[PDB]
Amino acid sequence: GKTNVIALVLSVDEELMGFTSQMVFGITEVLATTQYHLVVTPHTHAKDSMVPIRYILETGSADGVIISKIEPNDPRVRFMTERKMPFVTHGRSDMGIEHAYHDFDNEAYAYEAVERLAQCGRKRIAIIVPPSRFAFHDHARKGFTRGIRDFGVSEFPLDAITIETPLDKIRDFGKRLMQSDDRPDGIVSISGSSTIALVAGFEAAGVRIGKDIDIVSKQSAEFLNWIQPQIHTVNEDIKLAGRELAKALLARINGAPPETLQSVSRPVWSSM
Amino acid sequence: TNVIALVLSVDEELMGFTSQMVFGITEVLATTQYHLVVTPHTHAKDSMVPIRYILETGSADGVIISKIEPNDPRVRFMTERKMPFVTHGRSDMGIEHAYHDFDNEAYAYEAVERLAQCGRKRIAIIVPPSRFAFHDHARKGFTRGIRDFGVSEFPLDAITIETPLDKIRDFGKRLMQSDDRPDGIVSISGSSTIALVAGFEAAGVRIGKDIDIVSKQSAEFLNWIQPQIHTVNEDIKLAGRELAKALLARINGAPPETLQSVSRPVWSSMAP
Ligand SMILES: OC[C@H]1O[C@@](CO)(O[C@H]2O[C@H](CO)[C@@H](O)[C@H](O)[C@H]2O)[C@@H](O)[C@@H]1O
Ligand SMILES: OC[C@H]1O[C@@](CO)(O[C@H]2O[C@H](CO)[C@@H](O)[C@H](O)[C@H]2O)[C@@H](O)[C@@H]1O
C-alpha cells in the first residue's frame with residue numbers, strides 16, 4: 001500500500017560535474033509540500049541496472065520511481081509499465097510506451113552548437129558524444145549531423161573518446177589532437193566534465209580558447225565561464241529537471257494520464 | 001524502521017560534490033537492510049525542523065547531520081532523546097558522539113606553510129561563517145601558521161565561503177586592482193577559489209607568479225582549469241563511508257567515543 005516513498009534510482013557512475021544534488025534538491029523542494037519521502041537507491045554499473053528496479057517491485061518499497069540514463073528500448077520502462085509501478089524518466093524512450101518524462105533537448109543543443117561555431121568562422125567541427133546505447137546520444141548525434149549540413153561546414157571525425165571516458169585520458173587525447181597537423185577548429189561537447197579535461201589538454205599544447213579553436217559545451221550548473229570565459233556555454237537546468245520529474249511523478253501516482261506529463265527543456269545560452 | 005535520514009541544508013556550495021557523499025553512505029548501507037532518505041532543509045531558521053520532525057514521527061533509526069556548531073542544538077536534542085546519530089563535523093560541548101571530520105586546522109596550517117615555502121609574505125584567508133566549528137578550526141590553524149612561519153596576515157573580512165560567487169569574483173578583481181595586495185591566499189572552499197581566480201585573472205594577475213593560492217577541494221577539479229593552484233583533497237566519498245559505518249555501529253550499541261575519526265589534509269598529486 002501507501003509507502004509515501006519516492007525512489008530515486010541513480011547510477012553510481014556519474015560525471016565530476018553532474019551537480020547531482022541540484023537534481024535531488026529540485027525533487028525534494030516539490031515533495032516538501034507533500035507527505036512523500038525521497039529514498040536514494042544506487043546501482044553501481046550496467047550489469048545491475050535492473051537490480052534496484054526489480055527490488056523496488058519485489059519488496060513494494062516505493063509508490064513511484066525516478067530513473068535516468070534512458071535507452072530508446074529501456075527494459076526498466078517496460079518492466080515498470082507492465083508491473084503498474086508509477087514512474088518518470090529523466091530522458092525519453094522510443095518504444096511506443098507513453099510515460100511521464102522530462103528531458104533536455106540534446107538534439108536542439110547540438111544543432112545550435114554547430115550553428116554557433118559556424119558563426120564564429122569555424123569550418124571543421126568535432127563532437128564528443130555519450131555511449132551510443134542511451135537515447136540522448138542519438139539526439140545529440142542527430143542534431144549535430146543535421147547542423148553540419150544546414151550550416152555548410154564539415155565534420156572532423158572523432159571516435160576515440162566519449163562523455164564517459166576517463167578525464168585524464170580526455171586530457172591526453174585533447175593534447176595530442178592539437179599537436180596533430182590535422183586538427184579541428186570547433187568542438188561540440190555533451191559534458192561540462194569532458195570539456196574541462198579537453199581544455200586542459202588543449203592549453204597544454206599551446207592552444208588558446210577563442211583563438212585557435214572554439215568550444216561549445218553544455219553544463220549542469222554555471223561553472224565553465226569562471227574557469228574559461230571564452231567557452232560558448234549552454235545551461236542545462238538540473239534543478240528545474242528535478243522539479244519537473246517530481247511534479248510529473250506525483251501526478252502520475254494520482255492517476256493523471258502519462259501523455260500530459262511530458263516536457264522537454266530547450267537549450268539556453270549562458271549569460272556568461 | 002530501516003531508514004537512515006541524511007539531513008542536508010539545501011544551501012550548499014557549487015563544488016560540493018554532495019552526491020559523492022551520498023554514494024559513500026549508500027555503498028556502506030548496501031550490505032545492510034537500511035534505506036537512505038535524503039531530508040532537506042532550506043536555511044538556518046529551520047535547521048532544527050527536520051530534527052524535531054524525525055523524532056516526532058519516529059521516521060528513522062539514525063540521523064546524519066552536518067554544518068556542526070560547537071554548541072549544536074541538534075546534537076544536544078538527539079543525545080537527550082536517544083536518537084542514534086553521527087555528525088560530519090565535531091561539536092565541543094562535553095558530549096561524546098560518533099563523528100567524522102576533516103582536519104581544517106591542519107589544512108590551514110599546512111596551507112600557510114606551503115605559501116611561506118613559496119616565498120610569500122602576506123597571506124589572506126577566506127573562512128566560513130563564524131557559527132560553524134570548522135571556521136574556528138581553520139582560523140586557528142591559520143593563526144598558528146602566520147606566527148610559526150614568520151609571515152604576516154593580510155586582513156580580510158569582506159567575504160566568506162558562503163558569500164555569492166559573482167560577488168567573490170568582483171571582490172577578487174578589486175583586491176588585485178588595489179595597491180595593498182596579499183601575495184598568498186588560503187581558501188576553505190573550492191567554489192570560492194574558482195570565483196576568486198576568475199576575479200584575479202580579470203585584473204591581469206597570473207596564478208603562480210603574482211600570487212599563490214592554496215585551496216581545499218571535495219573532488220579533483222581545480223588543477224584541470226588552473227594547474228598552479230596548490231590543491232588539498234578532502235575525501236568526501238570517504239567521509240560518506242565513515243559517517244555510515246559509525247552510524248551503523250552506533251545504532252547497534254557501540255560506544256560513541258570509539259566511533260570518531262578525522263581525516264588529514266592530503267596534497268593533490270595534480271598540485272605543484
Ligand atoms: O541520466 C541521463 C539522463 O539525463 C539526460 C538529460 O540530458 O542526459 C544527461 O545525463 C546527465 C543527467 O543529469 C547530465 O550529465 C546531463 O543532463 C545529460 O548529459 C537524459 O537525456 C538521460 O536519460
Ligand atoms: O557540512 C559541513 C561539515 O563538513 C565539514 C568538513 O570539513 O565542512 C565542510 O562543509 C562541506 C561538507 O561537505 C564542504 O563545503 C566542505 O567539505 C567543508 O567546508 C565539517 O567541518 C562541517 O560540519
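Heavy atoms only: backbone and side chains are in, while hydrogens, waters and symmetry mates are out. Sequence lines set the chain letters: A, B, ... in the order given, protein chains first and strands last, and positions in each chain run from 1. Numbering of ligands and ligand atoms starts at 1, following listing order.
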Exercise. Do B/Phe17 and B/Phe221 have ring centroids that are under 6.0 Å from one another?
Worked result: yes
For this session: Would you mind telling me if ligand 2 is within reach of the side chain of B/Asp101, the backbone, both or neither, using heavy atoms under 4.0 Å?
Result: side chain
For this session: Between B/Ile236 and ligand 2, find which residue part has any heavy-atom pair under 4.0 Å and reply side chain, backbone, both or neither.
Result: side chain
Exercise. Does B/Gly16 have a heavy atom less than 4.0 Å from any atom of ligand 2?
Worked result: no
Seminar exercise, completed: Numbered in order shown, the ligand 2 atoms found under 4.0 Å of a heavy atom of B/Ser218 are 17 (O)
Exercise. In terms of atom number and element, which parts of ligand 2 are under 4.0 angstrom from non-hydrogen atoms of B/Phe102?
Worked result: 7 (O)
Seminar exercise, completed: When distances are taken from atom 10 (O) of ligand 2, the protein heavy atom at minimum range is B/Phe134 CZ, 4.2 Å
Seminar exercise, completed: shortest atom 12 (C) of ligand 2-to-protein heavy-atom contact is with B/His88 CE1, 3.9 Å
For this session: Count the heavy atoms of every other residue, nucleotide or ligand shown that sit under 6.0 Å from CG of A/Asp94, and state whether that count exceeds 12.
Result: no
Problem set entry | Per atom 14 (C) of ligand 1, closest listed option by heavy atom (A/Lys218, A/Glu15, A/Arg92, A/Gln219) | A/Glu15
Exercise. Salt bridge between B/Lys216 and B/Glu234, side-chain N to carboxylate O under 4.0 Å?
Worked result: yes
For this session: For atom 20 (C) of ligand 1, state whether the nearest protein heavy atom is under 4.0 Å away.
Result: yes
For this session: List every atom of ligand 1 that sits less than 4.0 Å from any heavy atom of A/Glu236, numbering the atoms from 1 in the order shown and giving each element.
Result: 6 (C), 7 (O), 16 (C), 17 (O), 18 (C)
